[PDB]
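Coordinate inspection notes
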Amino acid sequence: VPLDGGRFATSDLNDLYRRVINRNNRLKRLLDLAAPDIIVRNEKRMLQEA
Amino acid sequence: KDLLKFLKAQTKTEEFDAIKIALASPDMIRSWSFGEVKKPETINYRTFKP
Amino acid sequence: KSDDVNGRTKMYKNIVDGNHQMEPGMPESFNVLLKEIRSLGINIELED
Amino acid sequence: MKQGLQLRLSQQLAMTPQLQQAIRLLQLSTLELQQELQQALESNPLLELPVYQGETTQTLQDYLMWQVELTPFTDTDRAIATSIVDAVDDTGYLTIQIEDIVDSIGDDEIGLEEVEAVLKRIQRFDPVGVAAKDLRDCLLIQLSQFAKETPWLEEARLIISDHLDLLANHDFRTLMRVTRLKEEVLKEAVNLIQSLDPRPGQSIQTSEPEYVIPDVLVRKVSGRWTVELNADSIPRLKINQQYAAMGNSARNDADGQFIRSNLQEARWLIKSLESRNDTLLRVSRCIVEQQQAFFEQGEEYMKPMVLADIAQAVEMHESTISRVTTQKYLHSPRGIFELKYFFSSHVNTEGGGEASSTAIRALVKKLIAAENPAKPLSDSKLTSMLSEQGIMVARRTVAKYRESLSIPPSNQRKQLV
DNA sequence: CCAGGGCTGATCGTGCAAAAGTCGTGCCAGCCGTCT
DNA sequence: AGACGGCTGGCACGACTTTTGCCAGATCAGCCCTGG
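As presented, residues are numbered from 1 along each chain according to the written sequence, a scheme that may differ from that of the entry, and residues lacking coordinates are left out. Chain letters start at A and ligand numbers start at 1, both assigned in the order the entries are written. What you see is one piece of a larger assembly, and the values refer to that piece, not the whole. Processing note: side-chain calculations cover all non-hydrogen atoms of the structure and skip hydrogens and water entirely. Residues with missing side-chain atoms are left out of burial classes, side-chain pairs and their counts.

In the PDB archive, cryo-EM is given as the structure determination method for this entry, at a resolution of 3.50 Å.

What the PDB entry is called, per its title line, is "CryoEM structure of bacterial transcription intermediate complex mediated by activator PspF".

1. Topic: the overall build of chain A
Keep this limit in mind: In this text, helices come from DSSP runs of H or I with a minimum length of four residues, and strands from runs of E with a minimum of two, each type numbered from the N-terminal end. With the radius of gyration taken over C-alpha atoms, the globule rule is written as 2.2 Å times the number of residues to the power 0.38.
For chain A, the helix and strand inventory stands at two helices and zero strands. Computed over C-alpha atoms, the radius of gyration of chain A comes to 15 Å, more than 25% over the 10 Å expected from 2.2 N^0.38 for 50 residues, which places it beyond the range of a compact globule. On the principal axes, the C-alpha backbone points of chain A span a range of 45 × 20 × 10 Å.

2. As for the interface of chain A and chain D
Spelled out, the test is: Working rule for contacts: check all heavy atoms of both residues, and any pair within 4.5 Å makes them a contact. Take the accessible area each of two parts loses on contact, using a 1.4 Å probe, and add the two losses: that sum is the buried area. Salt bridge, as applied in this entry: a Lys or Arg side-chain nitrogen positioned within 4 Å of an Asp or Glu carboxyl oxygen. Under this definition, polar contacts are N or O atom pairs within 3.5 Å; protein pairs additionally need one hydrogen-donor-capable and one acceptor-capable atom, and for neighbouring residues in sequence, both atoms have to be side-chain atoms.
Contact with chain A, which involves 22 residues of that partner, is made by 19 residues of chain D. Across the chain A to chain D interface the summed buried area is about 1,500 Å²; carbon plus sulfur atoms make up 59%. Considering only the side of chain A, the residues that lose the most area to chain D are A:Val1, A:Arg26 and A:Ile39, jointly responsible for 37% of the buried surface there. There are zero salt bridges connecting chain A and chain D. Counting every contact that joins chain A to chain D gives seven residue pairs in polar contact.

3. Thoughts on the sheet that holds strand β4 (residues 335-338) of chain D
All names here are of chain D. Here is the rule: Note: two strands are recorded as paired if DSSP finds a minimum of 2 bridges between them. For helices, the fitted axis covers only the stretch in contact; all axes are lines through C-alpha atoms, and the angles between them, taken along N-to-C directions, range from 0 to 180 degrees.
Read across the open sheet, the four strands follow the order β2-β1-β3-β4; overall the sheet is mixed. Of all the strands in the sheet, the pair left with one neighbour each is β2 (226-229) and β4. Strand-to-strand twist across the sheet, computed as the mean angle between neighbouring axes with direction ignored, equals 25°. For strand β1 (residues 216-219) and strand β3 (residues 329-332), the ladder comprises two bridges, and the chain directions are parallel. The partner of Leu217 across the bridge, within β3, is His331.

4. Remarks on the protein's contact with DNA strand E
Residues and elements named next belong to chain D. This is how the line gets drawn: Here, proximity means that at least one heavy atom of the residue falls within 4 Å of the molecule or strand. Ten residues, namely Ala, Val, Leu, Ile, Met, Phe, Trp, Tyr, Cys and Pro, are considered nonpolar, four, namely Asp, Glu, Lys and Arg, are considered charged, and the remaining ones, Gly among them, are considered polar.
In the region of DNA strand E, 25 residues are neighbours, and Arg173, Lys271, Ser345, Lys400 and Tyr401 sit closest. Residue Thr16 places a side-chain N or O atom 3.1 Å away from a base nitrogen belonging to DNA strand E. At 2.8 Å from a phosphate oxygen of DNA strand E is found a side-chain nitrogen or oxygen belonging to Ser345. Counting only elements with at least two residues in the surface near DNA strand E, the list comes to α1 (17-24), α13 (253-290), α16 (318-324) and α19 (395-404). Tallied by class, the residues present in the surface near DNA strand E amount to seven nonpolar, 12 polar and six charged.

5. Focus on helix α8 (residues 153-162) of chain D
All names here are of chain D. The criterion, for reference: We call a residue buried when its accessible area falls under 20% of the maximum for its residue type, exposed when it is over 50%, and partly exposed in between, using a 1.4 Å probe and counting protein chains only. It is the directions from the helix axis to the C-beta atoms whose arc is reported.
Along α8, the residues that are buried comprise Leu153, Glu155, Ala156, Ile159 and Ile160. Viewed along the axis of α8, the buried residues span an arc of 160°, placing them on a single side of the element. With respect to the buried face of α8, the exposed residues turned more than 90 degrees away are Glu154, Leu158 and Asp162.

6. Some points on a nonpolar patch on the surface
What counts here: To count toward a patch, a residue needs a relative accessible area over 30% and no salt bridge; like charges are then connected within 9 Å, while nonpolar side chains (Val, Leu, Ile, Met, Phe, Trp, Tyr) are connected within 5 Å. Shrake-Rupley sampling with a 1.4 Å probe provides the accessible areas, and residues are treated as covered by the protein chains on show and by no other component.
Among the surface-exposed residues, A:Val1, A:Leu3, A:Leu13, D:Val51 and D:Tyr52 lie close enough to one another that they form a single nonpolar patch of about 470 Å² accessible area. Assignment of secondary structure puts A:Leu3 in the segment before α1 (14-31). The class for A:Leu3 is exposed, based on a relative accessible area of 68%.

7. Looking at the pattern of salt bridges
All names here are of chain D. Counting across every chain of the model gives 12 salt bridges over all chains. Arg219 serves as the salt-bridge partner of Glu228, at 3.9 Å between the closest nitrogen and oxygen. With relative accessibility at 36%, the residue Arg219 sits in the partly exposed group.

8. A word on the nonpolar core
Residues and elements named next belong to chain D. Note the cut-off: For our purposes a nonpolar core is just a set of buried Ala, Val, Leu, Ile, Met, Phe, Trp, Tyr and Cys residues, chained together by side-chain atoms within 4.5 Å.
By size, the foremost hydrophobic cluster in this structure holds 25 residues, and its most contacted members are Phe295, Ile310, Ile321 and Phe342. Secondary structure elements with two or more residues in this core: β1, α13, α14 (292-297), α15 (307-312) and α16. Examining the composition of this core, we find that five residues originate from one element, α13, more than from any other. With near-sequence residues (within four places) excluded, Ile321 lies in contact with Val283, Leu307, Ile310, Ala311, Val314 and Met316. Membership of the second largest hydrophobic core comes to 21 residues, among which are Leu37, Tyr243, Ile259 and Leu269.

9. A word on unusual backbone geometry
The bulk of non-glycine residues show a negative phi, and the bulk of peptide bonds are trans. Residue and element names in this part refer to chain D. At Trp152, a residue that is not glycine, the phi angle is positive and equals roughly 60°. Even without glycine at this site, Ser406 takes up a positive phi of about 70°. By secondary structure assignment, the location of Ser406 is in the segment after α19.

10. Some thoughts on the environment of D:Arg219
All names here are of chain D. Looking at the secondary structure, you find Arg219 in strand β1. Taking C-alpha positions, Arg219 is 7.4 Å from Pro333, a pair spaced 114 residues apart along the chain. Residues within four places of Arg219 in sequence aside, it is in contact with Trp225, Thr226, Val227 and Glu228. At 2.8 Å, the side chain of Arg219 forms a polar contact with the backbone oxygen of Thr226.

11. Quick look at the protein's contact with DNA strand F
Residues and elements named next belong to chain D. Contacts to DNA strand F come from 20 residues, most closely from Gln20, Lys340, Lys381, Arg395 and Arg396. Within 4 Å of the protein, the atoms of DNA strand F are drawn from sugar and phosphate moieties in a proportion of 45%. Between a phosphate oxygen of DNA strand F and a side-chain N or O atom of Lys340, the distance comes to 2.3 Å. Taken together, the elements giving at least two residues each to the surface near DNA strand F come down to α1, α16, α18 (379-389) and α19.

Following this line, the structure appears as C-alpha cells:
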C-alpha cells in the first residue's frame with residue numbers, strides 16, 4: 001500500500017519483522033567470531049526484546 | 001495433467017468439523033514453512049521485483 | 001455477499017442464469033485469522 | 001641505436017588491498033551500496049491510521065474471465081477458453097500460437113477447428129479485436145463489426161486483407177497500381193483504417209506509477225545554482241559508544257584485541273564513506289559548473305566535454321571520475337538525468353568551434369519533426385542545412401543519429417496530405 | 001631513582017596504465033524513382 | 001521496359017576515450033627493560 005508511489009514504506013507489520021531479521025542476522029554472524037561474552041549477551045537481550 | 005480436472009481440483013473444501021488448537025513444535029513450524037528468510041530487504045527499487 | 005471468493009462468482013452466474021441457488025463455501029476472513037494465529041507459536045487446524 | 005635493457009624513474013604509485021576495496025566502494029550506486037554496507041554493519045558489532053487493505057482492480061484477463069463465466073460453454077470449451085485467455089498479453093494479442101495452445105491442452109480429441117471455434121467465440125468480447133493472432137485479424141474484426149452503411153468499407157477491407165506490407169512501406173503508388181483503386185479518393189479509406197484503435201486491450205487499465213530517486217540536487221538561487229547532496233538518500237555510519245567505552249575496561253587480551261581491530265575497521269570504513277560522498281559532491285558541482293548553459297537553454301545548447309575536461313578542473317583522476325559517475329541520477333528543475341549522460345562525443349563546426357553530439361541529435365529531431373508531411377527531408381538535405389547552420393556533420397553521422405533516434409527513413413515516413 | 005636503548009604497533013596513503021570500447025567518416029552493395 | 005542517379009545501411013579503418021585491475025612498505029611514537 002504505497003503512499004507517494006515512489007516508496008511503499010511498509011509499516012506496523014514489516015518494521016518489526018525487519019528488526020527481528022536484522023538483529024538475528026547480526027547475532028548469528030557475531031556468535032561464530034568468538035565475540036566477548038558481554039557483547040553477545042547484550043545482543044541476545046536485544047533480540048529477546050525485539 | 002488433463003487440464004480438465006486440474007481446474008476442478010482448485011475449488012474444493014473439506015468437511016472441517018471440530019476445529020482444535022494446540023502448541024506448535026519446531027518440526028510443525030518447519031513443516032508449515034516453505035522457505036527461510038535471511039535478509040531484511042523487502043522490494044528492490046531498481047527493477048521492482050521481489 | 002461477502003468474502004467467499006469462489007461463491008460470489010457462482011451466485012452471480014446462477015442469478016444471471018435464473019437459478020437462485022447458493023454455494024456457501026468458507027469465508028476468507030477465517031482463513032486470514034487461521035494464518036494470523038499460526039504466525040504465533042500456536043498450532044491450529046480443522047479436523048474431520 | 002640499440003636494443004638494451006634500461007631504466008629511469010619519473011612516476012610513483014602505491015596501494016593496499018583494503019585501499020582497493022575503498023576505491024571500488026565508490027563505483028556503485030547508493031541503493032546497491034546500502035546492501036553491502038548493511039552486510040559490513042552486520043559483521044562489525046560496534047558500528048551503527050496508516051492506509052492498508054487496498055482495493056482489488058480489474059485487469060483485462062480478469063475481465064475476460066468474468067465474461068467467460070457468464071457465457072454458455074461446455075466444460076471442455078471452458079477449459080480451452082481459460083487457457084486461451086491465460087495466453088493473452090496486455091496489448092490484447094495472444095502470445096503463443098494456436099498449435100501451441102493445442103499442445104498445451106494435449107488432448108487427442110481436441111482439434112484446431114474446435115480451438116478456432118472457441119477463440120472466435122471469445123473474440124467478440126467487450127474489448128473488440130482482443131485475443132487476435134496478429135495485426136491482420138484485429139482490424140478486420142472491427143471493420144466487419146461496423147455497419148455497412150458507412151462508405152469506403154469495401155476499400156478498407158481490400159487494403160487490410162492482403163496489402164498490409166503495401167501499406168506498411170508507405171508505397172502508396174504501388175498500392176494504387178495493385179488495388180486498381182481511386183486516386184486521392186483512397187485517402188478517406190486509409191483514414192478509416194487509421195481510426196480503428198490498434199492494440200485494444202491496453203485501455204482496460206492504464207495506471208503507471210512514479211518511480212524517481214534523486215542522488216544529487218541542484219536549485220537556482222537567482223543565478224549560479226549551487227548543488228546539494230540528497231540528505232535522505234546519502235548513507236551515514238556512527239560509532240557505538242557502549243562498545244567503544246569497553247575496550248580499555250576489558251582485561252582479557254582476546255577481547256581487547258577484538259575491540260581494537262573492530263574499532264580500526266569501523267573508523268576506516270566511516271572515513272572511506274565520507275571521502276566517497278565528498279568526491280561525488282565535488283564532481284557534481286564541477287560538472288554543473290561546466291554545464292550551466294545547458295540547464296538554462298536546453299539540450300541543443302550543450303558544450304561537448306570529455307572526462308579529461310572535468311578531471312583537470314579538479315585534483316582527481318580520469319579513472320576516479322569515471323568510477324564516481326556511474327549509476328548516479330541528479331535531479332534538476334528540467335528533469336532527472338544521469339551524471340554519465342552529460343559526457344558526449346564532439347564534432348567540429350564552422351568557425352573553429354565544436355558542437356556536442358547530443359545537441360546536434362536533438363536539433364535533428366526538432367528539424368525533422370518540423371517538416372512538411374508531403375515531402376520528407378532526407379539525410380543529405382539534413383547534412384546540407386546543418387552545414388548551413390555551420391555544424392557540417394557527415395551524412396553517415398546524420399543517418400546514425402536518425403537511426404538511434406528511432407525515426408524511420410525519409411522515404412518511409414512519406415504520407416498523403 | 002633517573003636516563004638511554006629496544007621494540008612493537010599505529011599511521012600514512014583515492015593514481016598508472018593497458019586493453020577494451022566507442023567515436024567519426026569513408027567505401028561499396030542493393031533497392032527504388034524517373035526519363036528515355 | 002532499361003539505364004542512370006539517388007538513398008540507405010553494413011562493414012571497415014584510424015583516432016581517441018574509458019574501464020578495470022592492480023594488492024606495502026617504511027617511519028615514527030610511546031612503553032618497557034635496563035644501565036648509570
